[PDB]
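Asker: Residue numbers (the numbering used here), protein chains in the order written: chain D, 48 to 590; chain Z, 48 to 590. Ideal placement from N, C-alpha and C gives every residue a C-beta, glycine not left out. Just passing along the structure, written as structure tokens.
Set out below in structure tokens:
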């Protein structure tokens, strides 16, 4: 029951001269159009985030889409902006990255799979560098690359654990020099973070060239620019920089563009998409990955300053189940009423509301209702929110579309304002200081400790002039802390930083706590088993 | 200075309902349209091939395009069908896969780069199988796959020698089991060959199911269908099965679809594209890879039988320089007149003409003129052709477009006829007899010798019931023989078969002579170094 993309484009007054179709239901918009609009006024920006994620699933993306649909429903022109999902995970398990129920972005199969080929473009560019690096070494290694100190990995958009740790370059002289390597899932690529952060092609190429590839035999930094390949990568990314226009279940507009990780990167869609939506609608609904401790913090302290914007409100997605989980309930019994676990778990919601207010944002709690939620449960969460002084609306967008999101849309429209920016750190505070602030203010730690490895990394960072970059914290999303086992609202603990690295092209330092999974595996019975093209030539099993 | 795809599509009277645009200048045509046209009349099919390829470059693709343009020009409705170029090679070296000069397919950057994503789709399907295979093993290996007897490789569309020989599955229990592996360039995938041979989605899926993945602990064949992923692979290929519509320099139609190798596979575009062109034009001009000993032979003995068609003429592309090279001339002096090397090299042309005649085809020689060519040279070639009893036209399409191709067009239109099919072998002659025939008739060997490895391979083939499959010979293209050293027209030599394998989904046995390079490397100074996006945001350095 879908609108041709030209219809959607018309709603937004987009002309064909800047529209590049992909079939009848998708188009790219020329990114250069954004600069054209530079004298046009920006609308409101609504940041969608969530309580600490649980295995019960909180449906944030579904809620984002539903909010936008509901804003349009109440007569306020709105665009939802989303990350493009990785293909890999879908071949493993059905996921929620294109929403659910009556609150989806469409056409779902295409979005979930090849879409407009942006993931393939990133992989190509990324892998080209790797190929060129090895070939440089093969042909005489003029740059004196130390093959034990290559930071740059290969990539594929596939959930393939077999490629986590490999040995390449075997078979003899004609094949070059043996070394150890790894594949990461393509979304985790610094190329993807860069694509999401670039305003234009010049910006993109400059960023690509800055990427740190390796150390040489004298421990000097080798950059992409030293290989001279940044131009070719840019060419491979020339269409990928243009955001993708699609639609919601209800025929309202959506922009889907880029998919950086929300741990080792900033975890939101491209600044190009967000900025363009802001010129084209009254309410831009944009989400950030993981809980408000990760996605939302990164959105304010980093993305917003790159992008030259600031949210007018934050929506905190919560569920009764998630709160019971955070209160100590078993996942296996989560569908059963438990008002004591609920009361205790509410502390997690409280920390996120408080943290959000540290950024001076008005907050609206979106309580995603499940079938099994009791009225006592819903009533309690609502009352507790009222006592916090936070707007709250119950959301039923999965079941009802915008008819399930009216109260939420009105709360958001009522809450949104122009706020005085309140960043946690100055763009150029020392890395250690930024970390201390984040750990204190957001993760609610009593202190930070750096491992010896991290200490050595900090020395490297200072030596090479990166001590003033913004910091992107890569920690577990399962806790406000660094410890994935700590449910609820841990406080006053010792936050441990295990390591750090520099993403010089993206323009940030990553502070790591524990091991980060950059290449997820396949389950024993993968979703691919369900996938097919039926007798009628329709795709089944994907979404 | 070129035409909106709608204008090309209108030329062929295609409706929007089976057209999927990719930007303003490309469209996919729904493949199911071909079945619609089944009661419609086939036009003529012109097979374009060439003399034994030399490093001097013969410009076969440019000529194929030129010929189609010239036919249109002389009032005969024509479509050119071409393979899609692999990205990988272009990042290493500018090539000729989109033609040259005033005889190209456009838009050429897009065609040479990501195009409509078909390469990516093939790679995804291919790699999915590899990921699932390793994960099956990790999770209990119920199929008892022998990890020393896995035939299936990984793939990327990149010239990466570092990936020719690798070790995967390292790092411990969580990552699964170590094993040896390889990457092959995507073009070389059996999935690519299958895509190019399939008539519809049921066919595709059946074919994929039959692919031999590995042997188990008991030396039993393990097939894709055993893993149950053929449906997911079909899903990933659902758009890739649809041919791509573009145009020539002169705004005439071109279909570009698939890109199998001409050594380990059949070396031409998809049967869907050739078949469709034949319903939509008077003259379908279709190219086959490498010299007439490989691409042309396979086109007649194999592709034609799968496609249910047969050419009406063969065009044999030749150059003065190639002939001199074959007569022993130095590449460095190739520009220098040398009627004696020319006389000697003509023998290569003679063999290909005689061989084409074996298939009962009328032949036209396309003498692709170079600037350095003396009149005395053009004249000698033309006389020698006349004596040989073969039509010959000098072609200047590169320089002059359509204009420079009119003589070739007229000659082709004059020569084309309905012929009695004359295949070299019967579809179910034993593999060894098929090879004997090819070696004798085409490669002009005096006998065939099978290595011990080949003999063992034959035992396998017969054991598992593949002994009556068609045979695709993977040998050097640089000689009519198996020996790349042997220029001109070697005869009476001993043709060596090194090994054999089974492409069960594609439906053929491959017979190998020597090592076949299925993962080319990058040169010391790759073409990537030239690639860029210029201040005006235009791509440079690709073509």
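What residue from Z/558, Z/415, Z/388, Z/376 has the CA that sits closest to residue 365 of chain Z's CA?
Answerer: Taking the second chain and counting its residues from 1, the one referred to as residue 365 of chain Z is at position 318. The shortest CA-to-CA distance from residue 365 of chain Z to any of Z/558, Z/415, Z/388, Z/376 is the one to Z/415.
Asker: Is residue 553 of chain Z near residue 241 of chain Z, with beta carbons less than 7 Å apart?
Answerer: Position 506 of the second chain holds residue 553 of chain Z. Position 194 of the second chain holds residue 241 of chain Z. A contact, by the Cβ cut-off of 7 Å.
Asker: Using the three-state DSSP reduction, which class does residue 121 of chain D fall into: helix, strand or coil?
Answerer: What you label residue 121 of chain D is simply residue 74 of the first chain in a count that begins at 1. Note: residue 121 of chain D maps to coil in three-state DSSP.
Asker: Between residue 281 of chain Z and chain D, is the shortest Cβ-Cβ distance under 7 Å, so that the two count as touching?
Answerer: As a working mapping, residue 281 of chain Z is identified with position 234 in the second chain. When Cβ-Cβ separations below 7 Å define contact, residue 281 of chain Z makes contact with chain D.
Asker: For residue 90 of chain Z, which residues of its own chain have a beta-carbon under 7 Å away from its beta-carbon, when the five flanking residues on both sides are left out?
Answerer: For the purposes of this step, residue 90 of chain Z is identified with residue 43 of the second chain, where counting begins at 1. Excluding sequence neighbours, residue 90 of chain Z sits near 325, 328, 329, 330, 331.
Asker: Under 7 Å between beta-carbons, which chain D residues line up against residue 186 of chain Z? List them in chain order, please.
Answerer: Residue 186 of chain Z sits at position 139 when you count from the first residue of the second chain. Under the 7 Å cutoff, chain D gives 571.
Asker: In chain order, what residues of the same chain lie with their CB nearer than 8 Å to the CB of residue 460 of chain D, ignoring the 5 residues before and after it?
Answerer: Mapped onto the first chain, residue 460 of chain D falls at position 413. 118, 121, 123, 330, listed in sequence order.
Asker: Quick check on DSSP: helix, strand or coil for residue 149 of chain D?
Answerer: Numbered from its first residue, the first chain carries residue 149 of chain D at position 102. Note: residue 149 of chain D maps to coil in three-state DSSP.
Asker: For residue 213 of chain D, return the contacting residues in chain Z, with the cut-off set at a CB-CB distance below 7 Å.
Answerer: For the purposes of this step, residue 213 of chain D is taken as the residue at position 166 of the first chain. Result: 213, 214, 215, 217.
Asker: Identify which residue in D/399, D/274, D/207 has its Cα closest to the Cα of residue 536 of chain D.
Answerer: Mapped onto the first chain, residue 536 of chain D falls at position 489. Selected option, being the one with the closest Cα: D/399.
Asker: State the start and end residues of the unbroken beta strand (DSSP E) segment that holds residue 67 of chain D.
Answerer: By 1-based counting over the first chain, the position of residue 67 of chain D is 20. Here the beta strand (DSSP E) through residue 67 of chain D covers 66-68.
Asker: Leaving aside the five residues before and after residue 378 of chain D along the sequence, list all residues of the same chain whose C-beta is less than 6 Å from its C-beta, in chain order.
Answerer: The count along the first chain starts at 1 and reaches residue 378 of chain D at position 331. Answer for residue 378 of chain D: 102, listed in chain order.
Asker: When we look at the beta-carbon of residue 469 of chain D and count the other beta-carbons within 10 Å, is it buried (16 or more) or exposed?
Answerer: For the purposes of this step, residue 469 of chain D is identified with residue 422 of the first chain, where counting begins at 1. The residue in question, residue 469 of chain D, is exposed, as its Cβ has fewer than 16 Cβ neighbours within 10 Å.
Asker: Taking only runs that begin and end inside the stretch 213-244 of chain D, name each unbroken beta strand (DSSP E) of 3 or more residues, in chain order.
Answerer: Runs of beta strand (DSSP E) with 3 or more residues, each lying fully within the stretch 213-244 of chain D, are found at 213-215, 226-228, 230-232, listed in chain order.
Asker: Applying the criterion that 16 or more other CB atoms from any shown protein chain within 10 Å of the CB defines a buried residue, is residue 491 of chain D buried or exposed?
Answerer: Locating residue 491 of chain D in the first chain gives position 444, where the first residue counts as 1. The residue is buried, with at least 16 neighbouring Cβ atoms inside 10 Å.
Asker: Leaving out five residues on either side along the sequence, give the residues of the same chain with a beta carbon under 8 Å from the beta carbon of residue 560 of chain Z.
Answerer: Mapped onto the second chain, residue 560 of chain Z falls at position 513. Result list for residue 560 of chain Z: 520, 521, 522, 523, 529, 542, 543, 544, 545, in chain order.
Asker: What is the rounded straight-line gap between the Cα of residue 134 of chain D and the Cα of residue 161 of chain D?
Answerer: Position 87 of the first chain, counted from the start, is the residue given in the question as residue 134 of chain D. Position 114 of the first chain, counted from the start, is the residue given in the question as residue 161 of chain D. Their backbone Cα atoms lie some 7 Å apart in a straight line.
Asker: Strictly by DSSP, which residues pair up with residue 259 of chain Z?
Answerer: As a position in the second chain, residue 259 of chain Z is number 212, starting the count at 1. Beta-bridge pairing links residue 259 of chain Z to Z/270.
Asker: Under 7 Å between beta-carbons, which chain Z residues line up against residue 73 of chain D? List them in chain order, please.
Answerer: Reading the first chain from its first residue, position 26 is the one you call residue 73 of chain D. Near residue 73 of chain D there are no residues of chain Z at all, since even the closest Cβ is about 10 Å away, more than 7 Å.
Asker: Output yes if chain D places a C-beta closer than 7 Å to the C-beta of residue 208 of chain Z; else output no.
Answerer: If you number the second chain from 1, residue 208 of chain Z lands on position 161. Interface residue, yes.
Asker: Considering only the beta carbon of each residue, do residue 210 of chain D and residue 212 of chain Z sit closer than 7 Å?
Answerer: Counted from its first residue, the first chain places residue 210 of chain D at position 163. Counted from its first residue, the second chain places residue 212 of chain Z at position 165. For residue 210 of chain D and residue 212 of chain Z, no; Cβs fall outside 7 Å.
Asker: Which of the three DSSP states is assigned to residue 83 of chain Z in this structure?
Answerer: Position 36 of the second chain, counted from the start, is the residue given in the question as residue 83 of chain Z. It is helical.
Asker: Counting only C-beta atoms, is residue 136 of chain D closer than 7 Å to chain Z at any point?
Answerer: Residue 136 of chain D sits at position 89 when you count from the first residue of the first chain. False, the Cβ-Cβ gap to chain Z never drops below 7 Å.
Asker: Would you kindly work out how many angstroms separate the C-alpha atoms of residue 166 of chain D and residue 457 of chain D, rounded to a whole number?
Answerer: As a working mapping, residue 166 of chain D is identified with position 119 in the first chain. As a working mapping, residue 457 of chain D is identified with position 410 in the first chain. Residue 166 of chain D and residue 457 of chain D: Cα-Cα distance of roughly 36 Å.
Asker: Please identify the residue among Z/466, Z/315, Z/471, Z/495 whose C-alpha is closest to the C-alpha of residue 479 of chain Z.
Answerer: For this step, residue 479 of chain Z is matched to residue 432 along the second chain. Answer by Cα proximity: Z/495.
Asker: Compare the Cα-Cα distances from residue 423 of chain Z to each of Z/383, Z/404, Z/172 and report the closest residue.
Answerer: For the purposes of this step, residue 423 of chain Z is taken as the residue at position 376 of the second chain. Among Z/383, Z/404, Z/172, the Cα nearest to that of residue 423 of chain Z belongs to Z/383.
Asker: At a CB distance below 8 Å, what residues from the stretch 300-313 of chain Z approach chain D? Give them in sequence order.
Answerer: none
Asker: Return the chain-ordered list of same chain residues with a C-beta closer than 7 Å to the C-beta of residue 417 of chain Z, the five sequence neighbours on each side being excluded.
Answerer: Position 370 of the second chain holds residue 417 of chain Z. Counting only residues of its own chain and dropping the five nearest sequence neighbours on each side, residue 417 of chain Z has a CB closer than 7 Å to the CB of 366, 367, 368.
Asker: Return the Cβ separation of residue 76 of chain D and residue 316 of chain D in integer angstroms, given the expectation that the two are a contact with Cβ distance under 8 Å.
Answerer: By 1-based counting over the first chain, the position of residue 76 of chain D is 29. By 1-based counting over the first chain, the position of residue 316 of chain D is 269. Going by Cβ atoms, the distance from residue 76 of chain D to residue 316 of chain D rounds to 13 Å, so no, they are not a contact pair.
Asker: Mind checking whether residue 269 of chain Z and residue 190 of chain Z have CB atoms under 7 Å apart?
Answerer: As a working note, residue 269 of chain Z is residue 222 in the second chain. As a working note, residue 190 of chain Z is residue 143 in the second chain. Going by C-beta atoms, residue 269 of chain Z is nearer than 7 Å to residue 190 of chain Z.
Asker: Just grab the DSSP bridge partners of residue 294 of chain Z for me.
Answerer: If you number the second chain from 1, residue 294 of chain Z lands on position 247. Z/153, Z/300, per the DSSP bridge assignment.
Asker: On the criterion of 16 or more Cβ atoms from any shown chain inside 10 Å, does residue 82 of chain Z qualify as buried, or is it exposed?
Answerer: Taking the second chain and counting its residues from 1, one reaches residue 82 of chain Z at position 35. Exposed, since its Cβ has fewer than 16 Cβ neighbours within 10 Å.
Asker: Give me the residue from Z/359, Z/247, Z/56, Z/221 with the minimum Cα distance to residue 281 of chain Z.
Answerer: Residue numbering aside, residue 281 of chain Z sits at position 234 when the second chain is read from its first letter. Ranking the options by Cα distance to residue 281 of chain Z, first place goes to Z/247.
Asker: Strictly under 7 Å for the Cβ-Cβ distance: is residue 182 of chain D near chain Z by that measure?
Answerer: Counting from 1 along the first chain, the entry for residue 182 of chain D is found at position 135. Answer yes: the Cβ-Cβ gap between residue 182 of chain D and chain Z drops below 7 Å somewhere.
Asker: Do residue 154 of chain Z and residue 239 of chain Z have their CB atoms nearer than 7 Å?
Answerer: Here the question's residue 154 of chain Z lines up with position 107 in the second chain. Here the question's residue 239 of chain Z lines up with position 192 in the second chain. No, they are not a contact pair.
Asker: Answer yes or no: do residue 516 of chain D and residue 488 of chain D have a C-beta to C-beta separation smaller than 7 Å?
Answerer: Sequence index remark: in the first chain, residue 516 of chain D carries index 469 (1-based). Sequence index remark: in the first chain, residue 488 of chain D carries index 441 (1-based). No.
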